[PDB]
Structure formats: C-alpha cells, structure tokens
Amino acid sequence: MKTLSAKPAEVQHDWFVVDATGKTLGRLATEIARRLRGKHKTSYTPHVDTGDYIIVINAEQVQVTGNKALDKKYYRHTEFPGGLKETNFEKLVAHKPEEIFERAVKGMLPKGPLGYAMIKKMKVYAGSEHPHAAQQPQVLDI
Amino acid sequence: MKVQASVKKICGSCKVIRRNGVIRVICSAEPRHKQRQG
Amino acid sequence: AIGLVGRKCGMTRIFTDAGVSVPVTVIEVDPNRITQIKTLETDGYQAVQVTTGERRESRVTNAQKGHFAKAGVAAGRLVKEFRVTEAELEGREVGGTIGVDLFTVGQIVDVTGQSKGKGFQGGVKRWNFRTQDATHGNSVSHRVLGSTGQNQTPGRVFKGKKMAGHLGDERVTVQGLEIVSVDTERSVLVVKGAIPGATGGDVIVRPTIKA
RNA sequence: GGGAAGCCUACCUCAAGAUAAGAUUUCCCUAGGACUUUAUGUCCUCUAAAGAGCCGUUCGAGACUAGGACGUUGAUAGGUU
RNA sequence: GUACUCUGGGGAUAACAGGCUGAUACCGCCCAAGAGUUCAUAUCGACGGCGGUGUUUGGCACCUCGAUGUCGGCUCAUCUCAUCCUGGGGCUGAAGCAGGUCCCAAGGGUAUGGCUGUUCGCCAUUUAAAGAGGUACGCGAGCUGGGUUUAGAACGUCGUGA
RNA sequence: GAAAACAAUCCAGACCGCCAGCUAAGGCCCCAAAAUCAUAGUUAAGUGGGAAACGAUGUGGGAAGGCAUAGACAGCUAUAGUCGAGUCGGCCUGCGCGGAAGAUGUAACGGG
Ligand SMILES: CN(C)[C@@H]1C(=O)C(C(N)=O)=C(O)[C@@]2(O)C(=O)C3=C(O)c4c(O)c(NC(=O)CN5CCCC5)cc(F)c4C[C@H]3C[C@@H]12
Ligand SMILES: CN(C)[C@@H]1C(=O)C(C(N)=O)=C(O)[C@@]2(O)C(=O)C3=C(O)c4c(O)c(NC(=O)CN5CCCC5)cc(F)c4C[C@H]3C[C@@H]12
Ligand SMILES: [Mg+2]
Ligand SMILES: [Mg+2]
Ligand SMILES: [Mg+2]
Ligand SMILES: [Mg+2]
Ligand SMILES: [Mg+2]
Ligand SMILES: [Mg+2]
Ligand SMILES: [Mg+2]
Ligand SMILES: [Mg+2]
Ligand SMILES: [Mg+2]
Ligand SMILES: [Mg+2]
Ligand SMILES: [Mg+2]
Ligand SMILES: [Mg+2]
Ligand SMILES: [Mg+2]
Ligand SMILES: [Mg+2]
Ligand SMILES: [Mg+2]
Ligand SMILES: [Mg+2]
Ligand SMILES: [Mg+2]
Ligand SMILES: [Mg+2]
Ligand SMILES: [Mg+2]
Ligand SMILES: [Mg+2]
Ligand SMILES: [Mg+2]
Ligand SMILES: [Mg+2]
Ligand SMILES: [Mg+2]
Ligand SMILES: [Mg+2]
Ligand SMILES: [Zn+2]
C-alpha cells in the first residue's frame, strides 16, 4: 500500500567510531542501541535492520557514578547444582570491558533473531586502535 | 566488643564515633565499654 | 617444561644393599628429534615440538613428509609439543636430539599416560556405590542405582549426577615419582612406582611442577 | 597499610557448535566448446589430484559405533620352531 | 449392627500432603529492680515492652474423592546457616594450661554396637567433631513391609444380642 | 487500555468497515509510543525499589535561651596567665542511617 517498508537489499550501513573515555555507561549505551537499531533514520522499519556499525575504543575508561564501581555485581549460573558465579565491575572492567558493553547493549536491544543480528554490528576494543581502517569509519560523539 | 542495637556512653571516658556508616563507642578507660551497632 | 616421550616396557623390582625391594617401571626412550620451534612472533607462545619412533613410508602422507623434510629428520609414529620458557629454548634447534640424560637419579618427575579401558560400567565399580541386601526379601535390586532425586521439588535430575557409563581410557598424570635409574647405553629410564596404561603404551615424562 | 581452612588465581581433566566457529607447519588441483535468463550462470567433451571411505588380518579399544596397528615394499592374526 | 458388605453421588464435606494465617512453637531485640565478696550490663537477670522464621500444636476448607497409594529402615542425594570440628578476631570475675560470652567464616569433614517395628529414647565403647533444619515431615513406575488399617482366632473390658 | 504476569482494583460499556483525528486511567533514557523538557529546592542511602520498639555530633529549614573581644569554649602552664569570636545545652520540622538470619539460581524497580 502507500506506506512502504524498507527493503533490506536497499539498506546502506555506515561506519562510526566512538571514544568511551570519561562517559557514563548507560547514557552511552542508549545512543549506541538507538543507532544500532536504526531509529535515527526516516526509513525505520521494526522488522528490518537499518542501523549502522559502531566501533567503541578506550572501553576500559568507561565510568559509573556513586559507589557502583564496587557495588554493581555481575552474575552468571552454570547449570550445575549450586553453580552461581559472581563478580564486580572494578574487576570486570579490568578483565573484559567488551563483556561490560555487550551486557549493557544487549539489555537494551530486542530479544530475538533480529536483535542478535543488530548486536553483531557493535565492535568493542579496549585500546585506542581498531582493525577496521579499511572501512574508513567517521568520528561520532554520543 | 559488644554488638548491640542500642549503644550509649557509659562513662566520661566513652566517645561516640561513626565509621563507614556504623556507630561505635570507644572507651579510653574501660575496654569492656567498647560497643558497635545501630 | 621440556620432557621426554617414551614407551612403557613393563614392571620389575630393584634390590638395595640393605635388601629393600623397590618396585619400578621401565620406560624405553627412542631419542626425541626436534621438528619445529614455536615462538611469540610466529605462534604467540613458546613450545618445542618433537617426534619419536619410526613409520613406514606408505603410512606417511605427503603433507607430513614435507613437514618432516623441512626439519630434516626421519618420520616418527607420533608428534608432541612441550611448552617452554625462554631459558629452555637455549641450546635447542630444529634437527636436535633429546636423549635421556635430561634427567638424573633421584629427581622427582611426573608421568602422564593413557589408562586401561574398562568399557561400560555401573555405579559399584565406577563410583563405589554400595549394594543392597542380597537376602531378606530383596527382589531384583542388588547393584542398581537406587533413588536418583527428590520429589516434585525440584522435579528433575541434577546435571552431574553419578550414573553408569564408560570408565577408563583417559589421560592420567601421576606426580611425585622418583628416577631410580638412567641407563644411557640401553636408553631407558627406571622410575619408582606404577604409571598409567598398559604395556606398549606411550607415556610422557616431565620434571615435577610441585617442587 | 596489615588481615582467615572463606573469593579469584594456583594443582588435575575436558574444552573453538567460543555460529565470536580462532592460530601455526606442510601438501594438492594451473583443460576446451555451445547457449542465454549476463552470471562464483546452464550444458556438454576431456580430466579427477592431495586425501577419505568401502573391504580384509586384528587389538591391552569396544554394546553397536567410535578409536589404535597392519594389508606382500608384510610380522596384522593363526600355525610352526 | 455390619471389619461379610453393595449401588448412585461430593473435593458442595473430613483423614495425608500443598495453600492462607501465625493464637501456639522457636529465635532475635528494648528498659534495668536485683544476683554477681564491693560493681546492673565478665556471666546472668525480676515486672513489662517490640520484632523475625515458617522448623511445632493449632485455625480456615482454597486444589485433588471418573484415586495426589507409605510410619520406619535401605540406596542415592541437593540446599540454608540460627556453626559441632577445623580457620581468623573483641571482651573477660582472661597468670599459664583450660574455660565463658560475642563477631567473621558454609571449603571440607561431621561413629559402631545392646534393647524396641520404632522416628526418638536409655545404655557400652570410640572420635577433632558424632551440628540444627528445608527439599510431597527428599527419595516405595529404585528395594523392603517390622508398626499400622480388610477377611481367621483368643484374652481384658463394654452390650440382652447382632 | 492501565496495575510485569494478575475474574472481584482504576479508566471505560465492543452493530460492521477505514493505513483519519481528540482524549480517560497511566505515562514520555532504551527494550517500547511520547520531554535525555523548563524553573526552584532535598537526598548519597541504589534510599528510590519490604519494615517495629529503640539507638546516634548524618544532613537541610525554623522559633526561642546561657555566655562573649572591661575578653566566651577547647587545648597548655601554676581559682590566674598567653591564644584571639563566635561558642554552648535544649524544642519543633524535611529527607536519610542501624535494628534486618533460610533453604533449586541473581530472585524485595519487569529488565538494561
Ligand atoms: C496485589 N497487589 C495489590 C500488590 C502487588 O501486586 C505486589 C507485587 N509484587 O506485585 C505485592 O507485594 C502484593 O501482592 C502483596 O502481597 C503485599 C504485601 O504483602 C503487603 C504487606 O504484607 C503489608 N503489611 C502487613 O500486612 C502487616 N499486617 C497488617 C497489620 C499487622 C500485620 C503492607 C503492605 F502495604 C503490603 C503490600 C501488598 C501489595 C500487593
Ligand atoms: C517492589 N517489589 C519488591 C514489591 C512490589 O512490586 C509492590 C507492588 N504493588 O507491585 C509493592 O507492594 C512493594 O513495593 C512493597 O512496597 C511491599 C510492602 O509494603 C510490604 C510490607 O509493608 C510488609 N510488612 C509491613 O510493612 C509491617 N511489618 C510490621 C512489623 C514490621 C513491618 C510485608 C511485605 F511482605 C511487603 C511486600 C512489599 C513488596 C514490594
Ligand atoms: Mg578394554
Ligand atoms: Mg551372585
Ligand atoms: Mg514380588
Ligand atoms: Mg536375586
Ligand atoms: Mg611351543
Ligand atoms: Mg461407590
Ligand atoms: Mg473445596
Ligand atoms: Mg491440611
Ligand atoms: Mg495440592
Ligand atoms: Mg499447618
Ligand atoms: Mg465459605
Ligand atoms: Mg484423571
Ligand atoms: Mg516423605
Ligand atoms: Mg516415587
Ligand atoms: Mg505387617
Ligand atoms: Mg467371621
Ligand atoms: Mg501487582
Ligand atoms: Mg510493581
Ligand atoms: Mg497486558
Ligand atoms: Mg454498545
Ligand atoms: Mg494528541
Ligand atoms: Mg520511543
Ligand atoms: Mg531497595
Ligand atoms: Mg510497601
Ligand atoms: Zn567507658
């Protein structure tokens, strides 16, 4: 009919690079999730992926407020009896910052095949260097 | 140390202090006056 | 650490002057030939690759033939790596040999092997479960598992429950063994105690890491 | 700053279906025509290597599988000494 | 009268287990007259007061009566900490050796026999210790069937008798 | 439609069709439609997002008192001496803190 949905073949995916130094995790993750889902484009379609690629550098410099550095705890469960594993943000940001960003953005993306497709477009690196110079990403601040 | 919800000064050598959000009483004279809680 | 690859040859005894009988296992060692050296630059970790034994030409594929020819050593029946540090790599080069003199009498070592396979086994043998009454009205329940869980709470069987299954035929390491003899002429190591596996099996001897 | 049989490492085993499917060494394949819906396109003619499996003699491997050794350039099994 | 029993029905309505509640039960706190040779608060603590748990005896009848079949033992377990041993600490009416009380800590470990069907309980002898609880008072399409609750028979008692 | 799920709660009473508009309860950072809206304050406990008697120099705002630079309070010297301005002890009131131990798995904002 007259309201047309975006065709996946016709979608273009740009590449942006973001520095995470001295930024709040949640308020950065909201913008990251928005851009990954594609809400910023006027051709937004709920059943199609129209987002852009987002590279995150300096991930270990991400900050939290209050006492959350010591008090925010991350959990997982091995399906063995009594197998609950428990850690802290201070240790997790030192060990696997990519896990920090992955959890933060997964919590905000939809839960399904399309959400799994969208999350693959986020690239997270601890250092200030990334291996995608061939894609010529543009600087984006959010 | 006495751990108890109600903590008060016992004598003039007792002092009330706060440490990391915990209320304690420290006595210079009588060690048995040392208290923590509440 | 750098170690040796050998074959289990059997058990025997050694008599001391006082007359004490020391049980021992014999490990025959064909001297190990170095095939490749791995480094941080090329592989990201430091290891030494060795081969031992012999293999007839018809059983060596072309790829392995080229791999052996690059190091200029004869093909063996197996290839194994030892993780090493910077110091150990010194004096080691492709084409070199590790014989038997790497060890000394009285040194504590660890021995790794492949255990004998017992096939499919039950709880009594695999997990040391206790049997039920043989008499006093027991019908058909002597070596059975018994109860395997609770009631509707939790309503399932917890994962990792001990049950009947395959037993043996696994990698096993024994620590705290002592070198009783280092026969260079015969190229054998005689170690105190028992080691995993059957006669004719491949075994790995390494310096102990708990010392 | 100190600080516990407690936590993360440390010892043993498994582990890239880790779909994020990783790394290293070595080896193999280097031919022609027709057609159209112009494409890692479909057909024929010619070639099929490095290897893997089937099959056999078997095992200290094994429910069946899987796994290990060997098949005349041989000691894999039986016999014989 | 029926336990020699039978049919139509009900979870509209009891016994087991689950559910709501927490009078009762267990545990933790507030006040401090007193006991502590003098000193309330080392150890206790009168008369009174406020909470927590869902571990007891109970209340209600919400699920199951075209069926949710078990008291104890055996076998195999998993979890909580209000911690029995082991580990780290404060106070002491802590000389030392040993104790008392409180805080942190759940990694591992945490008896065999005599008697009764016993769960318990008393007893003998060990151990560093022989912890308290939840899981349909864990576990009977995994085992047993001693207690208990069909049909036989006997005693005491009750009834004229069944 | 809202309260995550949720006969008995809040809004609202479905004749049928529309890829049109305005509102109710409830909401506007993302899952997920709408303010990363504007001006003043409070909270530091993730309180918000379970909670009692009672305990406390947590932090704000009020109406009153004793003392005091002819020298107040706290420290030091043997009621006095040098320091050189605020200092003491109560009554209300907003928001916060301890009291706070359980059994498959974080499990007391639906999640981030
Ligand atoms: C079903 N809906 C309405 C709620 C809902 O939706 C949610 C949810 N998570 O969704 C739920 O919490 C609820 O269902 C629930 O069950 C609640 C409570 O327990 C409870 C409570 O117990 C007491 N305190 C007392 O009653 C003390 N007694 C009274 C006098 C002395 C003894 C006070 C109190 F405000 C509550 C709140 C309710 C809320 C309710
Ligand atoms: C946010 N989430 C966790 C809930 C949620 O989602 C909802 C909702 N409607 O959705 C809410 O009700 C809640 O936020 C909430 O606030 C509740 C309570 O009040 C409350 C309660 O008060 C008392 N008991 C007493 O208070 C009095 N006792 C007497 C002695 C001491 C205390 C007992 C009790 F179990 C509760 C339940 C909570 C539930 C909570
Ligand atoms: Mg076997
Ligand atoms: Mg038999
Ligand atoms: Mg039978
Ligand atoms: Mg039998
Ligand atoms: Mg013979
Ligand atoms: Mg009937
Ligand atoms: Mg009913
Ligand atoms: Mg009942
Ligand atoms: Mg029920
Ligand atoms: Mg009850
Ligand atoms: Mg009624
Ligand atoms: Mg039925
Ligand atoms: Mg039961
Ligand atoms: Mg059963
Ligand atoms: Mg019987
Ligand atoms: Mg009769
Ligand atoms: Mg509700
Ligand atoms: Mg709610
Ligand atoms: Mg709904
Ligand atoms: Mg109408
Ligand atoms: Mg409008
Ligand atoms: Mg939106
Ligand atoms: Mg809260
Ligand atoms: Mg409430
Ligand atoms: Zn005092």
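The chains referred to below are lettered A, B, ... by the order of the sequence lines, with proteins before strands, and numbering in each begins at 1. As a basis for the values below, the full set of heavy atoms in this structure was taken, side chains included, without hydrogen atoms, waters or symmetry mates.
- Within the 4.0 angstrom heavy-atom criterion, no nucleotide atom of any strand lies near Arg76(A).
- Judged by closest nucleotide on RNA chain E, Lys8(B) is the one of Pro81(A) and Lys8(B) placed further toward the 5' end.
- One side chain, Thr21(A) or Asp19(A), offers a donor N or O that lies under 3.5 Å from an acceptor on the other.
- With distances taken from any side-chain atom of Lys38(C) to the nucleotides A136(E), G55(F), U24(D), the minimum falls on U24(D).
- Regarding contacts with the backbone of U104(F), every side-chain N or O of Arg156(C) stays at 4.0 angstrom or more from both OP1 and OP2.
- Side-chain nitrogen and oxygen atoms of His67(C) include none within less than 4.0 Å of the OP1 or OP2 phosphate oxygen of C27(D).
- When the side-chain nitrogen and oxygen atoms of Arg143(C) are compared with OP1 and OP2 of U75(E), none of them lie within a distance under 4.0 Å.
- Taking only side-chain atoms of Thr112(C), from C-beta outward, the nucleotide of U13(D), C70(D), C143(E) with the closest atom is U13(D).
- Picking from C76(E), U41(E), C27(D) the nucleotide with the shortest atom distance to the side chain of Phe129(C) gives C76(E).
- A donor-acceptor pair shorter than 3.5 Å cannot be found between the side chains of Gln135(A) and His130(A).
- Nucleotide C29(F) holds its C1' atom 13 Å from the CG atom of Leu28(A), rounded to whole Å.
- Atom CZ in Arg18(B) sits about 10 Å away from atom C1' in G96(F), given to the nearest Å.
- Closest-nucleotide positions on RNA chain E for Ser147(C) and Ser6(B) were compared, and the one nearer the 5' end corresponds to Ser6(B).
- Donor-acceptor pairing under 3.5 Å is recorded for the side chains of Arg35(A) and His40(A).
- Of all nucleotides present, only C44(E) satisfies the Watson-Crick or G-U wobble test against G34(E), with each distance under 3.5 Å.
- The phosphate of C103(E) (OP1 or OP2) has no side-chain N or O of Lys34(B) nearer than 4.0 angstrom.
- In this structure, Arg77(C) does not reach the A69(D) phosphate: none of its side-chain N or O atoms is under 4.0 Å from OP1 or OP2.
- Under the Watson-Crick and G-U wobble criteria, each requiring two contacts below 3.5 Å, nucleotide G71(D) is paired to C55(D).
- Nearest heavy atoms, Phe82(C) versus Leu4(C): CZ-N, 3.7 Å.
- Side-chain N/O atoms of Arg103(A) include none lying less than 4.0 angstrom from OP1 or OP2 on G111(F).
- Nucleotide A25(E) forms a Watson-Crick or G-U wobble pair with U53(E), both donor-acceptor distances falling under 3.5 Å.
- With a 3.5 Å ceiling on both atom-pair distances, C97(E) lacks any Watson-Crick or G-U wobble partner.
- An OP1 or OP2 oxygen of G71(D) is reached within less than 4.0 angstrom by a side-chain nitrogen or oxygen of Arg59(C).
- For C143(E), neither phosphate oxygen OP1 nor OP2 lies less than 4.0 angstrom from any side-chain nitrogen or oxygen of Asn138(C).
- When all heavy atoms of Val18(A) and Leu140(A) are compared, the closest pair comes out as CG2-O, 3.2 Å.
- Note on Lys39(A): a side-chain N or O is less than 4.0 Å away from OP1 or OP2 of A33(F).
- Taking side-chain N and O atoms only, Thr131(C) has no distance below 4.0 Å to OP1 or OP2 of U75(E).
- In this entry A124(E) has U112(E) as its Watson-Crick or G-U wobble partner, both defining distances falling under 3.5 Å.
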